[PDB]
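Down below is the structure, laid out as structure tokens.
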């Protein structure tokens, strides 16, 4: 019993994010599929689109952290049957260019501004039209639709980055910033078997880290901790200051991964980077395969993300709370 | 002016390959695309389907070595416009599973028996329906539709294998069997800058190799050639005998690549393979991206494949010729 | 107080392994180093040298699973000072050829028949002359000299192979044979975060596996377990039968690692290996760096090997016990 | 007939580089080896040590671009016999730490300030004491001692960087600065089969490039050349300006390699680097194995470096010439 009208929050550069009860319910052209949204997360990114003026285009339902159930499938759709529970791979790669075909759909030039809920329609509605089903990840049975939604960015982003760094059980990494996403980072790192050293200014952030399995936690790296000794450094703050710490403490041939949004530019010392073959790798969100891995890990209990439910219509208020960083535990919404 | 009826050679397990003047001309559902076939090759593979009983299913136009021009595109098709010249990526990966999304669409479990002209409809017709456009490679302007067609298997297969082996300019490889596809192998190997040593029983095969740029050519590997000294061995014959030569002459941590069809099983010496960390890697055809690379190489003139044209309807005779190995220079057909 | 005479067990092809109280105590030429043996293990390998006729040369103290303390260092030795506790990297790579310089000293052509206690002098003496100190791994303080000794083969071999397979937390591996070394394999695999499925005929072997953290344990792989679904297969039995199981159950582009000694030759099905890009990688023992990682893991308690001590002179009896497989829990000996 | 006194140019922070006729001729402690210097190059690096104040320590013969012949070998030296012609691997890695054992001896923490002729004694003498023979590369018979010496930095550095970038025949790279070392870079890149686009301000540099095999050469990159289209960018100038060009023109997931010395710091745009997964890899000189590859390539004639001979004693003047960049064609010296 699929309706033909539905409610949802659209975003318009003129009117901001406004609720609407007159939203269509597209039927699946063949190859496409209709997803009944079960849980959709909210993170800081969403706020940059609304307040901070991040241009992703105009007139789209929002929310990229999407989990839902297959409601209707166009003909020709054979990998998904109605009922199948799935998660949305944010970047919504095009699935046909050299980057997607090459295992990096997260950087697809063609899909720019066609990301779920950041160009294309998101999950802040009730029934989402999935133009390209390749960008879906089957949700393991033992995983709630809320937990999955939480993982689409909060866990996927860090997993992608740590995988990029090729962290192993012999790894000795440094994490700067255990608050933002950086919480799940710790669990993900540990799941790889690494020795994780966390660095944070805030006392809660540090306590959390301890409880989460961090091997060492510091306000400031001690003098006993020797320079150029970490195999990989993940800067979640990413400010000239923090990056400098990374380049100081990363070992030869190591990896510095600026995965924060704290400065528009960062500088590195050419002589040091060169002489010690330091590698600075940029990573962004995750691939469709990554999300597959992320759910296998959440399902396996190696990562447990922290989320609290809410009737979708309650969104507006949670956004004002988060706008003033009045909440810092992922919030998923049930439409 | 796209007709609605067309001619082509269908394959039926009951009647073999038979010409038909009553073939439909499917119009592109959105997302699909119609390809006017310009050149379609024929290779031994095709013969195993017809005589040797290789099961790929029933009732499909055949020929997987396909080159043609975009004639009509469904709506939603934005990466290809009418006119665009393209080549068919044989395996026709599904473009939505863990293997396709992960850069190995050539092993897509979902596309089994849906390969162009080996499960799904091939290029032995006039107008092919391309269900998934991801499996197309833009043909460089300076490349004839015949040369492209030649490359879809003859060159693509070896290129994929050699890339898999990570051959470099410092490589020292051994090639066994310069007749079958093995001809293009030599050029491809040289294009990577490797030192190629060819081994063949037939004298023509050897002469060809010389002319093609082989660094050394032998009937039998000389005693002066030291054991365990080749970085990679490509057995194009793949017979217990030839494989034994590879394992004898490949160096520690080297690669033995059984890329022939000469025996259903091959055995290796466990003690030697383990003690010298020998790697046996299986490869098959190529990926969509590989074909992209293959055309950049053919266009760049680093690989010139050998092909002779023919009106498509002339197919039946060429198949009887090849059936008794009466021809050994790729034959493309123009429909 | 370094003596100049010492006891130890030498191996002669004529007299077998015989105790000797007249053994020299070589003083360190510069660059060399003298190691006071603290614990030396015994494994099946040793038996093939003595009974089964494995040729490694003649007249050497035996035992390759070596742990000890630095007793005297030649001049020029700056990385090790007297006192430093170390473990012996079996292969004793040459440290100067393309393989050692290239991170694979375990396959050094130059060091053939110069392996500790399998060509060169081992640890079944009291004071071993370490010709090349590069082949030593500092033993973490919290690790007993017995545990270290245990790890030089028992753990090192499997860790090297698993790392070679690039097992990750998203991995889904299959292990065939949880008795021989295969016990530590399980822990090592788990330390990487993989999902381990074990397969063994013996009931104890299976029970052990369960207790050790195996995710699934079977006598025979169930029919519910789908073919071509494991990322990597480690055959510790390595018999045509077991290898066949691997090739049946390994997924496309997967890894089959014949790490057992059950047959001198094994055969694979060419068509399957090729069509599904299956990779057969041979591995052998471990590198110097591997042992570094192995001790960081043992020290970190991610792997706890099972060993029982014994006065070195008690060796002869333990060898007869093991000769009739009357003992199956690694035995280290203190000289 | 090995003397016991010899001439050479020592460097002292107080007196600069001064000739000396009273230099010892160390006899090889076992494991060591004595090299009769045949050719020793001179490059800008050497000038930073003498004028620009680069601290590498005190009192050492200089010149790191060393080629010579084995004159005496200590006992225990089995890989080299007297007579063997060899080249010096600059970094002189320690051959015993995690970095050297792991294939990156060029970043050895232990060998800091113990580099040939930049901490330890160089080739500006007649007979050099090679403490660690692992850091030697056999010189191919068809390669002059002068050409080898030229290659130890001039060719080795770029080869190491290009290999690090994994340039292939399908690569499309950008080179900024074809004067400094950047000349050999072009040949090296072409030896891998890449499509090389060079960018230089000076007109000679550009003309050279053309003659050297560059595919395209520009004063300023044209507007027809599309942004984010190069697989790898090598900045040999490395100035905020040039780096910016790299980040603008490198494609998604591409490589920017700041291999020049034009600025002490460089900044990158975080948003772009992250959103397009751009990788900035630092490289430095080369490994011992790299030099092995470099000589195989020079011997194979794929790279022909440009050098002019000179009696060693003529050094002082060539240094004043180069000091005012009055010469720009590598100069090797025969002692």
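Going in written order, the chains are labelled A, B, C and D, and every chain counts its residues from 1.
Just so it is clear, contacts are C-beta pairs under 8 Å (C-beta built on N, C-alpha and C of every residue); 3 or more make two chains touch, one makes a residue touch a chain.
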Interface with more contacting C-beta pairs, comparing A-D to A-B: A-D
Candidate from A-C, C-D or B-C with the same interface as B-D, over half of contact pairs in common: A-C
Geometric centre distance via CA averages, chain D-chain A, whole Å: 43
Whole-Å gap between the CA centroids of chain A and chain B: 40
For chain A, residues contacting two or more additional chains: 292
Chain B residues touching chain A - in the complex, by the definition given at the top: 29-31, 76, 78-79, 94-98, 100-103, 105, 110, 133-134, 287-289, 292
Residue ranges of chain C touching chain A (in the complex, touch as defined): 163, 168-170, 191-193, 195, 292-293, 296-297, 300, 302
Touch list for chain B against partner chain C, complex: 99, 104, 106-107, 109, 164, 238, 252-253, 258-259, 261, 263-271, 273-284
